[PDB]
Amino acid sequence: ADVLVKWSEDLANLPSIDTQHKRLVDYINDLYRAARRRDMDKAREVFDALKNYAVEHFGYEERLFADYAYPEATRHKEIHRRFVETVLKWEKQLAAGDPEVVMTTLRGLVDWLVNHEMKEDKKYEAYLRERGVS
């Protein structure tokens, strides 16, 4: 009753990646509690940490892609870039348009965790593991 997103064995990936993906999960759940609270101060605070961390995380994945010539680097990097664009837009709508904007961004963040952080990222795991990345 408290949590929006939970870890799953299907999200599990390289251990260094898990560390970062787990942090995104916690930020999503933080934003969820802030919206339930409800509490726009916290929501904007959490959103900023989420925004910065997501960008750092995308930076780390792209560093691995480049170093190891991951064949789908270009597509994956562009998906990240498009999401960051989206995130900047949400940051504008969330400051402080309505309070239900935070709900539309939570809907977007759940979709992103399920379709990207799980489904899309899982694609790089074997290739990188093969080459000694963990």
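Just count from 1 along the sequence shown to find any residue number.
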Going by the B-factors listed in the PDB entry, is the mean over the C-alpha atoms higher for 70-78 or for 95-103? 95-103
Mean Cα B-factor check, 55-63 vs 41-49, entry values; winner is 41-49
By the record's CA B-factor, is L128 among the lowest, middle or highest third of residues in the chain? middle
Where does the C-alpha B-factor of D10 rank in its chain, lowest, middle or highest third? highest
Thinking about Cα B factors across the chain, which third does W90 belong to? highest
